[PDB]
Amino acid sequence: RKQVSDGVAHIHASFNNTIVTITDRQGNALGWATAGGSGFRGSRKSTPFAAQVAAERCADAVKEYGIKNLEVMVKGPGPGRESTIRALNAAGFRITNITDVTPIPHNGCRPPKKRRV
Amino acid sequence: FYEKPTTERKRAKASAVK
Amino acid sequence: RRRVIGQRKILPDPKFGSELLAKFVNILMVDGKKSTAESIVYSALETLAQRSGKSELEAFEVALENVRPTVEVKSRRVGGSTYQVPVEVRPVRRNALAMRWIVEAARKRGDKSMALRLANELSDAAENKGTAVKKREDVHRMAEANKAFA
RNA sequence: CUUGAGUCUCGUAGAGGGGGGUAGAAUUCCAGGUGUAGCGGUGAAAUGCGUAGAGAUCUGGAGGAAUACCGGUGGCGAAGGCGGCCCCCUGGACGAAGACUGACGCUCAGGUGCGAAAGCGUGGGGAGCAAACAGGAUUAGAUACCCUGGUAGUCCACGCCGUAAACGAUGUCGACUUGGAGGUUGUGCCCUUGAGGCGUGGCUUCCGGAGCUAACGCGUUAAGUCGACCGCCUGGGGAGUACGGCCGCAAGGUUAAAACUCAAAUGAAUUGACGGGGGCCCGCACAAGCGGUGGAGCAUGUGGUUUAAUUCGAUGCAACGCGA
């Protein structure tokens, strides 16, 4: 509709899921698709084979808005980080810049003392 | 760990020194 | 493994003088039957010219470009764990598998005789069908799409 | 008397302490906008969170806690310990020449004081994290590992506790005794041309013959060769336990036995070595194909049934068209 023709793509690449939200610079997330929620569930079947599913549906989810050249920045590590870049670029989009800006701390808090086995 | 990381950075200096 | 063997040296076609055609009868040999293959595959190849209607000495490959393989599964259980790891085809298999893609559906098709049943499937590739053709349709699926694990 | 020990002149380095502020990222929470059906979670899972607007995004705001990078086999401290930045007070250390006292020294039972983390006391604070406790999976069972929540505590001030694998498992102090390579911090001389070269200090990590050790190993920072003091040991268990005392709000600390029981308990290391160490390298082992068996139907043999016997042996890899 508004047809900004560009935008900053978001890849919250977590580990069990990698949801992607598409938006321009003002932070107006208009479209999004979830890798582990693209029909798929579980963990190893929510891995990046599902990330490209989410990428293609999101491309379909916002193809009505006509966004040609695409900026993308990523959060978090994980397999749902690389394959989705190629998927979204091949899915009728053009790239602007790729980065994972995952917020490393300056030793602020405590994350858990998780699995030990 | 609050006590390991000063030990591995002072052990693996056996690993990665030579 | 560590040692290697060179490719066995082969004399050319006893009839057309072309080593590539001579190798072809060697794969179809089951029950040790080249003399029968003389009345089966040599009788087939002789008919392949006029049925094609052109010189089958170098026009013989006008139906093989699509058949060109690129990848096959190599079972590297590296470190004790089987992986996909499709290695790109090296010349000692990409042409052998081309002949391995020929007579998979040409034994008991229910026709006159495989003296000329095989003489039905060959022009089909330059008539856009036959066994060698759809072989490359399935190879594209296993590679080029599993980059996260390929 | 000046060489031991100490004062002064002078600079050098430092997460050495104590008190103040201060910054930004990061988790969390709250408010706002956009718009949306999942979010999370693991070996699959539900509990959980959510259709209300969650997750995601950017906009801000509150709070608490720690200070990414430098960062180091670095540095400092008696130890415990000490990492953002800046200031205030302060403690040592080391080095350059000097000057000055004249043995002022070393060690120290008792004694005094500092003492990681838990823990306690009285008041705050409380973001994460989280014993306890809840709920969901696991398992044979699970009160555990695992997940979702989560309180005390973790933080601060004052008071207590006094412990640790408080460990270099090496008491302090001094003298002597081949070498090499680094590291960090001063300094003298040399064209520092410079980075440095030639020297000299301190602290420091790693090799190594003498020598020592049971041995590994130590090896000028000794576990070498000596000296001065102090602490401790005297088979394993019982037992760092009872009792008594002292201390502590309490938890408990310290001091510290005996009965009885066994003939070992130990330490270094050697050759086997089993691994749910590891790397390697070999073989139709796997890989890539072929040909197969297992499908049918026939012939034999093995196992069973019957029979008078259907004789006996082999019948995990290594029997079953075997003896025969």
# chains A, B, ... in the order shown; residues from 1 in each chain; ligands from 1

call {"tool": "closest_atom_pairs", "arguments": {"of": "chain A", "to": "chain D", "cutoff": "12 Å", "atoms": "only C-alpha atoms (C1' of nucleotides)", "output": "Markdown table"}}
result
| residue | atom | partner | partner_atom | distance |
| --- | --- | --- | --- | --- |
| A:8 | CA | D:57 | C1' | 10.1 |
| A:9 | CA | D:57 | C1' | 10.0 |
| A:10 | CA | D:56 | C1' | 8.1 |
| A:11 | CA | D:56 | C1' | 9.0 |
| A:12 | CA | D:56 | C1' | 7.5 |
| A:13 | CA | D:56 | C1' | 10.9 |
| A:14 | CA | D:40 | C1' | 10.5 |
| A:15 | CA | D:41 | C1' | 10.6 |
| A:16 | CA | D:41 | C1' | 7.9 |
| A:17 | CA | D:40 | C1' | 8.8 |
| A:18 | CA | D:56 | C1' | 10.4 |
| A:19 | CA | D:56 | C1' | 7.4 |
| A:20 | CA | D:56 | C1' | 7.4 |
| A:21 | CA | D:56 | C1' | 6.1 |
| A:22 | CA | D:57 | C1' | 8.8 |
| A:23 | CA | D:57 | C1' | 7.8 |
| A:24 | CA | D:57 | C1' | 9.8 |
| A:25 | CA | D:58 | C1' | 8.1 |
| A:26 | CA | D:58 | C1' | 6.3 |
| A:27 | CA | D:58 | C1' | 4.0 |
| A:28 | CA | D:34 | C1' | 4.8 |
| A:29 | CA | D:57 | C1' | 5.6 |
| A:30 | CA | D:35 | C1' | 5.6 |
| A:31 | CA | D:36 | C1' | 7.6 |
| A:32 | CA | D:36 | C1' | 7.5 |
| A:33 | CA | D:36 | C1' | 9.3 |
| A:34 | CA | D:38 | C1' | 8.5 |
| A:35 | CA | D:38 | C1' | 11.1 |
| A:36 | CA | D:38 | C1' | 9.6 |
| A:37 | CA | D:38 | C1' | 6.9 |
| A:38 | CA | D:38 | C1' | 9.8 |
| A:39 | CA | D:38 | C1' | 10.6 |
| A:40 | CA | D:38 | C1' | 11.8 |
| A:41 | CA | D:44 | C1' | 10.7 |
| A:42 | CA | D:44 | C1' | 7.5 |
| A:43 | CA | D:42 | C1' | 7.9 |
| A:44 | CA | D:44 | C1' | 10.1 |
| A:45 | CA | D:44 | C1' | 11.2 |
| A:58 | CA | D:36 | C1' | 11.9 |
| A:61 | CA | D:36 | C1' | 11.2 |
| A:73 | CA | D:57 | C1' | 11.7 |
| A:74 | CA | D:56 | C1' | 11.7 |
| A:75 | CA | D:56 | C1' | 10.7 |
| A:102 | CA | D:26 | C1' | 10.7 |
| A:103 | CA | D:26 | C1' | 7.2 |
| A:104 | CA | D:26 | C1' | 7.2 |
| A:105 | CA | D:26 | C1' | 4.7 |
| A:106 | CA | D:68 | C1' | 3.7 |
| A:107 | CA | D:67 | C1' | 5.7 |
| A:108 | CA | D:66 | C1' | 4.9 |
| A:109 | CA | D:128 | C1' | 5.7 |
| A:110 | CA | D:128 | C1' | 5.5 |
| A:111 | CA | D:129 | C1' | 7.0 |
| A:112 | CA | D:129 | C1' | 6.5 |
| A:113 | CA | D:129 | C1' | 8.2 |
| A:114 | CA | D:146 | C1' | 9.4 |
| A:115 | CA | D:146 | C1' | 7.4 |
| A:116 | CA | D:145 | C1' | 8.0 |
| A:117 | CA | D:145 | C1' | 7.1 |

call {"tool": "closest_atom_pairs", "arguments": {"of": "chain D", "to": "chain B", "cutoff": "12 Å", "atoms": "only C-alpha atoms (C1' of nucleotides)", "output": "Markdown table"}}
result
| residue | atom | partner | partner_atom | distance |
| --- | --- | --- | --- | --- |
| D:71 | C1' | B:9 | CA | 10.7 |
| D:72 | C1' | B:9 | CA | 9.9 |
| D:73 | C1' | B:13 | CA | 6.6 |
| D:74 | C1' | B:10 | CA | 11.9 |
| D:116 | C1' | B:3 | CA | 11.5 |
| D:205 | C1' | B:13 | CA | 11.7 |
| D:206 | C1' | B:17 | CA | 11.4 |

call {"tool": "write_last_selection", "arguments": {"atoms": "N, CA and C atoms (P, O5', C5', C4', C3', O3' and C1' of nucleotides)", "output": "PDB file, in the first residue's frame"}}
result
ATOM      1  P     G D  71      46.341  -6.478  26.483  1.00  0.00           P
ATOM      2  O5'   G D  71      45.452  -7.505  27.287  1.00  0.00           O
ATOM      3  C5'   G D  71      45.650  -8.896  27.115  1.00  0.00           C
ATOM      4  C4'   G D  71      44.778  -9.677  28.048  1.00  0.00           C
ATOM      5  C3'   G D  71      43.361  -9.916  27.564  1.00  0.00           C
ATOM      6  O3'   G D  71      42.887 -11.118  28.158  1.00  0.00           O
ATOM      7  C1'   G D  71      43.300  -8.668  29.536  1.00  0.00           C
ATOM      8  P     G D  72      43.228 -12.549  27.524  1.00  0.00           P
ATOM      9  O5'   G D  72      44.809 -12.673  27.611  1.00  0.00           O
ATOM     10  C5'   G D  72      45.409 -13.283  28.741  1.00  0.00           C
ATOM     11  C4'   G D  72      46.868 -12.932  28.895  1.00  0.00           C
ATOM     12  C3'   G D  72      47.444 -13.195  30.273  1.00  0.00           C
ATOM     13  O3'   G D  72      47.793 -14.555  30.445  1.00  0.00           O
ATOM     14  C1'   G D  72      48.146 -11.061  29.493  1.00  0.00           C
ATOM     15  P     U D  73      47.781 -15.218  31.904  1.00  0.00           P
ATOM     16  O5'   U D  73      49.246 -14.931  32.458  1.00  0.00           O
ATOM     17  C5'   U D  73      49.743 -15.616  33.596  1.00  0.00           C
ATOM     18  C4'   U D  73      50.966 -16.429  33.257  1.00  0.00           C
ATOM     19  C3'   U D  73      52.130 -15.664  32.650  1.00  0.00           C
ATOM     20  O3'   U D  73      52.909 -14.983  33.614  1.00  0.00           O
ATOM     21  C1'   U D  73      51.736 -17.600  31.377  1.00  0.00           C
ATOM     22  P     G D  74      53.923 -13.822  33.163  1.00  0.00           P
ATOM     23  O5'   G D  74      52.981 -12.666  32.597  1.00  0.00           O
ATOM     24  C5'   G D  74      51.831 -12.242  33.310  1.00  0.00           C
ATOM     25  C4'   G D  74      51.601 -10.759  33.174  1.00  0.00           C
ATOM     26  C3'   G D  74      51.694  -9.967  34.462  1.00  0.00           C
ATOM     27  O3'   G D  74      53.029  -9.663  34.824  1.00  0.00           O
ATOM     28  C1'   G D  74      49.713  -9.393  33.351  1.00  0.00           C
ATOM     29  P     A D 116      36.760 -12.996  54.502  1.00  0.00           P
ATOM     30  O5'   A D 116      36.532 -13.734  53.126  1.00  0.00           O
ATOM     31  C5'   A D 116      36.814 -13.099  51.900  1.00  0.00           C
ATOM     32  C4'   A D 116      36.516 -14.025  50.761  1.00  0.00           C
ATOM     33  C3'   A D 116      35.072 -14.430  50.590  1.00  0.00           C
ATOM     34  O3'   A D 116      34.286 -13.448  49.961  1.00  0.00           O
ATOM     35  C1'   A D 116      36.439 -16.325  50.407  1.00  0.00           C
ATOM     36  P     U D 205      56.233 -16.871  39.425  1.00  0.00           P
ATOM     37  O5'   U D 205      56.333 -17.676  38.061  1.00  0.00           O
ATOM     38  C5'   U D 205      55.172 -17.873  37.272  1.00  0.00           C
ATOM     39  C4'   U D 205      55.497 -18.236  35.844  1.00  0.00           C
ATOM     40  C3'   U D 205      56.252 -19.529  35.615  1.00  0.00           C
ATOM     41  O3'   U D 205      55.436 -20.677  35.716  1.00  0.00           O
ATOM     42  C1'   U D 205      57.160 -17.841  34.258  1.00  0.00           C
ATOM     43  P     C D 206      56.104 -22.084  36.089  1.00  0.00           P
ATOM     44  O5'   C D 206      56.973 -22.458  34.806  1.00  0.00           O
ATOM     45  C5'   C D 206      56.364 -22.638  33.536  1.00  0.00           C
ATOM     46  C4'   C D 206      57.377 -22.907  32.453  1.00  0.00           C
ATOM     47  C3'   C D 206      58.364 -24.009  32.748  1.00  0.00           C
ATOM     48  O3'   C D 206      57.823 -25.302  32.611  1.00  0.00           O
ATOM     49  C1'   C D 206      59.501 -22.176  31.803  1.00  0.00           C
TER      50        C D 206
END

call {"tool": "residues_around", "arguments": {"residues": "residue 126 in chain C", "least_positions_apart": "2", "cutoff": "7 Å", "atoms": "only C-alpha atoms (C1' of nucleotides)", "output": "mmCIF file with N, CA, C and O atoms, in the first residue's frame"}}
result
data_model
loop_
_atom_site.group_PDB
_atom_site.id
_atom_site.type_symbol
_atom_site.label_atom_id
_atom_site.label_comp_id
_atom_site.auth_asym_id
_atom_site.auth_seq_id
_atom_site.Cartn_x
_atom_site.Cartn_y
_atom_site.Cartn_z
ATOM 1 N N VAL C 62 23.568 -36.344 -28.983
ATOM 2 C CA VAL C 62 22.604 -35.256 -29.113
ATOM 3 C C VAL C 62 21.429 -35.471 -28.170
ATOM 4 O O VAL C 62 20.434 -34.742 -28.225
ATOM 5 N N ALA C 63 21.508 -36.500 -27.336
ATOM 6 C CA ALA C 63 20.442 -36.788 -26.390
ATOM 7 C C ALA C 63 20.972 -37.018 -24.979
ATOM 8 O O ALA C 63 20.275 -37.612 -24.153
ATOM 9 N N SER C 123 16.330 -42.958 -29.078
ATOM 10 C CA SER C 123 15.867 -41.737 -29.727
ATOM 11 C C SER C 123 14.909 -40.964 -28.839
ATOM 12 O O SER C 123 14.771 -39.748 -29.004
ATOM 13 N N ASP C 124 14.271 -41.645 -27.885
ATOM 14 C CA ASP C 124 13.368 -40.976 -26.960
ATOM 15 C C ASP C 124 14.058 -39.857 -26.191
ATOM 16 O O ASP C 124 13.397 -38.918 -25.751
ATOM 17 N N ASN C 128 12.946 -36.696 -26.314
ATOM 18 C CA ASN C 128 12.540 -36.102 -25.034
ATOM 19 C C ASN C 128 11.748 -37.074 -24.159
ATOM 20 O O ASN C 128 10.676 -36.744 -23.644
#

call {"tool": "residues_around", "arguments": {"residues": "range 46-52 of chain C", "least_positions_apart": "3", "cutoff": "9 Å", "atoms": "only C-alpha atoms (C1' of nucleotides)", "output": "ChimeraX atom specification"}}
result
/C:41-43,55-56,60,116,119-120,122-123,126

call {"tool": "write_last_selection", "arguments": {"atoms": "N, CA, C and O atoms", "output": "PDB file, in the first residue's frame"}}
result
ATOM      1  N   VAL C  41      22.026 -56.023 -28.339  1.00  0.00           N
ATOM      2  CA  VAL C  41      22.394 -54.611 -28.256  1.00  0.00           C
ATOM      3  C   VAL C  41      23.086 -54.141 -29.528  1.00  0.00           C
ATOM      4  O   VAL C  41      22.892 -53.004 -29.962  1.00  0.00           O
ATOM      5  N   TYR C  42      23.895 -54.999 -30.148  1.00  0.00           N
ATOM      6  CA  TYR C  42      24.468 -54.649 -31.440  1.00  0.00           C
ATOM      7  C   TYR C  42      23.397 -54.612 -32.518  1.00  0.00           C
ATOM      8  O   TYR C  42      23.425 -53.748 -33.402  1.00  0.00           O
ATOM      9  N   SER C  43      22.438 -55.535 -32.456  1.00  0.00           N
ATOM     10  CA  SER C  43      21.256 -55.410 -33.298  1.00  0.00           C
ATOM     11  C   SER C  43      20.437 -54.190 -32.912  1.00  0.00           C
ATOM     12  O   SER C  43      19.724 -53.628 -33.750  1.00  0.00           O
ATOM     13  N   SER C  55      23.985 -39.917 -38.693  1.00  0.00           N
ATOM     14  CA  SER C  55      25.222 -40.621 -38.382  1.00  0.00           C
ATOM     15  C   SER C  55      25.420 -40.750 -36.878  1.00  0.00           C
ATOM     16  O   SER C  55      25.652 -39.750 -36.190  1.00  0.00           O
ATOM     17  N   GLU C  56      25.343 -41.974 -36.359  1.00  0.00           N
ATOM     18  CA  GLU C  56      25.485 -42.209 -34.922  1.00  0.00           C
ATOM     19  C   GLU C  56      26.936 -42.481 -34.537  1.00  0.00           C
ATOM     20  O   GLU C  56      27.252 -43.437 -33.829  1.00  0.00           O
ATOM     21  N   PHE C  60      25.731 -39.156 -31.794  1.00  0.00           N
ATOM     22  CA  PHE C  60      25.234 -40.089 -30.791  1.00  0.00           C
ATOM     23  C   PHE C  60      24.966 -39.412 -29.449  1.00  0.00           C
ATOM     24  O   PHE C  60      24.216 -39.955 -28.631  1.00  0.00           O
ATOM     25  N   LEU C 116      15.399 -55.132 -29.698  1.00  0.00           N
ATOM     26  CA  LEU C 116      14.976 -53.837 -30.205  1.00  0.00           C
ATOM     27  C   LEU C 116      14.155 -53.038 -29.203  1.00  0.00           C
ATOM     28  O   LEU C 116      13.735 -51.921 -29.527  1.00  0.00           O
ATOM     29  N   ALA C 119      16.270 -50.431 -28.522  1.00  0.00           N
ATOM     30  CA  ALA C 119      16.200 -49.613 -29.722  1.00  0.00           C
ATOM     31  C   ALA C 119      14.934 -48.776 -29.782  1.00  0.00           C
ATOM     32  O   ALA C 119      14.655 -48.170 -30.820  1.00  0.00           O
ATOM     33  N   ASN C 120      14.155 -48.750 -28.703  1.00  0.00           N
ATOM     34  CA  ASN C 120      13.021 -47.847 -28.586  1.00  0.00           C
ATOM     35  C   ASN C 120      13.315 -46.652 -27.697  1.00  0.00           C
ATOM     36  O   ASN C 120      12.841 -45.550 -27.986  1.00  0.00           O
ATOM     37  N   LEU C 122      16.210 -45.044 -27.009  1.00  0.00           N
ATOM     38  CA  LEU C 122      17.366 -44.175 -27.221  1.00  0.00           C
ATOM     39  C   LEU C 122      16.982 -42.873 -27.916  1.00  0.00           C
ATOM     40  O   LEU C 122      17.280 -41.784 -27.412  1.00  0.00           O
ATOM     41  N   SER C 123      16.330 -42.958 -29.078  1.00  0.00           N
ATOM     42  CA  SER C 123      15.867 -41.737 -29.727  1.00  0.00           C
ATOM     43  C   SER C 123      14.909 -40.964 -28.839  1.00  0.00           C
ATOM     44  O   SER C 123      14.771 -39.748 -29.004  1.00  0.00           O
ATOM     45  N   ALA C 126      16.545 -37.833 -27.405  1.00  0.00           N
ATOM     46  CA  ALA C 126      16.450 -36.753 -28.376  1.00  0.00           C
ATOM     47  C   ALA C 126      15.064 -36.687 -28.999  1.00  0.00           C
ATOM     48  O   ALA C 126      14.842 -35.912 -29.933  1.00  0.00           O
TER      49      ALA C 126
END

call {"tool": "closest_atom_pairs", "arguments": {"of": "chain C", "to": "chain A", "cutoff": "8 Å", "atoms": "only C-alpha atoms", "output": "JSON lines"}}
result
{"residue": "C:146", "atom": "CA", "partner": "A:49", "partner_atom": "CA", "distance": 7.7}
{"residue": "C:147", "atom": "CA", "partner": "A:83", "partner_atom": "CA", "distance": 7.1}
{"residue": "C:148", "atom": "CA", "partner": "A:83", "partner_atom": "CA", "distance": 6.7}

call {"tool": "residues_around", "arguments": {"residues": "residue 78 in chain C", "least_positions_apart": "6", "cutoff": "12 Å", "atoms": "only C-alpha atoms (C1' of nucleotides)", "output": "list in words"}}
result
residues 84 and 85 of chain C; 286 and 287 of chain D

call {"tool": "atom_distance", "arguments": {"atom1": "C1' of residue 207 in chain D", "atom2": "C1' of residue 270 in chain D"}}
result
26.4 Å

call {"tool": "interface_residues", "arguments": {"of": "chain D", "to": "chain C", "cutoff": "10 Å", "atoms": "only C-alpha atoms (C1' of nucleotides)", "output": "PyMOL selection string"}}
result
chain D and resi 282+286-291

call {"tool": "write_last_selection", "arguments": {"atoms": "N, CA and C atoms (P, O5', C5', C4', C3', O3' and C1' of nucleotides)", "output": "PDB file, in the first residue's frame"}}
result
ATOM      1  P     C D 282      47.049 -46.902   6.140  1.00  0.00           P
ATOM      2  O5'   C D 282      45.505 -47.266   6.032  1.00  0.00           O
ATOM      3  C5'   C D 282      45.087 -48.384   5.270  1.00  0.00           C
ATOM      4  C4'   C D 282      45.367 -49.670   6.003  1.00  0.00           C
ATOM      5  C3'   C D 282      44.334 -50.773   5.829  1.00  0.00           C
ATOM      6  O3'   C D 282      44.544 -51.544   4.658  1.00  0.00           O
ATOM      7  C1'   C D 282      44.793 -50.478   8.128  1.00  0.00           C
ATOM      8  P     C D 286      30.834 -53.994   4.657  1.00  0.00           P
ATOM      9  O5'   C D 286      30.715 -52.410   4.737  1.00  0.00           O
ATOM     10  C5'   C D 286      30.209 -51.779   5.901  1.00  0.00           C
ATOM     11  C4'   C D 286      30.462 -50.297   5.867  1.00  0.00           C
ATOM     12  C3'   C D 286      30.148 -49.614   4.551  1.00  0.00           C
ATOM     13  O3'   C D 286      28.769 -49.362   4.368  1.00  0.00           O
ATOM     14  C1'   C D 286      32.253 -48.892   5.316  1.00  0.00           C
ATOM     15  P     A D 287      28.101 -49.624   2.933  1.00  0.00           P
ATOM     16  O5'   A D 287      28.675 -48.443   2.036  1.00  0.00           O
ATOM     17  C5'   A D 287      28.559 -47.100   2.472  1.00  0.00           C
ATOM     18  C4'   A D 287      29.520 -46.188   1.754  1.00  0.00           C
ATOM     19  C3'   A D 287      29.370 -46.107   0.248  1.00  0.00           C
ATOM     20  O3'   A D 287      28.287 -45.285  -0.150  1.00  0.00           O
ATOM     21  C1'   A D 287      31.661 -46.259   0.816  1.00  0.00           C
ATOM     22  P     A D 288      27.662 -45.419  -1.624  1.00  0.00           P
ATOM     23  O5'   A D 288      28.881 -45.074  -2.588  1.00  0.00           O
ATOM     24  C5'   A D 288      28.692 -44.318  -3.774  1.00  0.00           C
ATOM     25  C4'   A D 288      28.851 -45.182  -4.997  1.00  0.00           C
ATOM     26  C3'   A D 288      27.768 -46.229  -5.196  1.00  0.00           C
ATOM     27  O3'   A D 288      26.619 -45.702  -5.835  1.00  0.00           O
ATOM     28  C1'   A D 288      29.888 -47.245  -5.418  1.00  0.00           C
ATOM     29  P     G D 289      25.399 -46.667  -6.231  1.00  0.00           P
ATOM     30  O5'   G D 289      25.811 -47.242  -7.657  1.00  0.00           O
ATOM     31  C5'   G D 289      25.235 -48.444  -8.142  1.00  0.00           C
ATOM     32  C4'   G D 289      26.246 -49.282  -8.879  1.00  0.00           C
ATOM     33  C3'   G D 289      25.909 -50.758  -8.999  1.00  0.00           C
ATOM     34  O3'   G D 289      25.005 -51.029 -10.052  1.00  0.00           O
ATOM     35  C1'   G D 289      28.130 -50.532  -8.257  1.00  0.00           C
ATOM     36  P     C D 290      23.804 -52.069  -9.828  1.00  0.00           P
ATOM     37  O5'   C D 290      24.409 -53.452 -10.327  1.00  0.00           O
ATOM     38  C5'   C D 290      25.293 -53.502 -11.437  1.00  0.00           C
ATOM     39  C4'   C D 290      26.168 -54.723 -11.367  1.00  0.00           C
ATOM     40  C3'   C D 290      25.461 -55.993 -10.927  1.00  0.00           C
ATOM     41  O3'   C D 290      24.788 -56.639 -11.991  1.00  0.00           O
ATOM     42  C1'   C D 290      27.437 -55.730  -9.671  1.00  0.00           C
ATOM     43  P     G D 291      23.314 -57.233 -11.768  1.00  0.00           P
ATOM     44  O5'   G D 291      23.583 -58.707 -11.235  1.00  0.00           O
ATOM     45  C5'   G D 291      24.622 -59.500 -11.786  1.00  0.00           C
ATOM     46  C4'   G D 291      25.099 -60.517 -10.787  1.00  0.00           C
ATOM     47  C3'   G D 291      24.004 -61.174  -9.967  1.00  0.00           C
ATOM     48  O3'   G D 291      23.361 -62.228 -10.656  1.00  0.00           O
ATOM     49  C1'   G D 291      25.722 -60.454  -8.529  1.00  0.00           C
TER      50        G D 291
END

call {"tool": "select_by_dssp", "arguments": {"residues": "range 1-133 of chain C", "states": "alpha helix (DSSP H)", "output": "PyMOL selection string"}}
result
chain C and resi 19-27+34-38+42-52+91-94+96-100+114-121+123-126

call {"tool": "residues_around", "arguments": {"residues": "residue 65 in chain A", "least_positions_apart": "6", "cutoff": "8 Å", "atoms": "only C-alpha atoms (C1' of nucleotides)", "output": "ChimeraX atom specification"}}
result
/A:1-5

call {"tool": "atom_distance", "arguments": {"atom1": "CA of residue 20 in chain C", "atom2": "CA of residue 64 in chain C"}}
result
13.2 Å

call {"tool": "closest_residue", "arguments": {"among": "C:140, C:7, C:115, C:23", "to": "residue 91 in chain C", "atoms": "only C-alpha atoms"}}
result
C:7

call {"tool": "select_by_dssp", "arguments": {"residues": "range 45-108 of chain C", "states": "strand (DSSP E or B)", "output": "MDAnalysis selection string"}}
result
chainID C and resid 71:72 87:88

call {"tool": "atom_distance", "arguments": {"atom1": "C1' of residue 137 in chain D", "atom2": "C1' of residue 47 in chain D"}}
result
9.7 Å

call {"tool": "residues_around", "arguments": {"residues": "range 133-139 of chain C", "least_positions_apart": "6", "cutoff": "12 Å", "atoms": "only C-alpha atoms (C1' of nucleotides)", "output": "ChimeraX atom specification"}}
result
/C:63-73,86,88-89,94,97-105,121-127,145
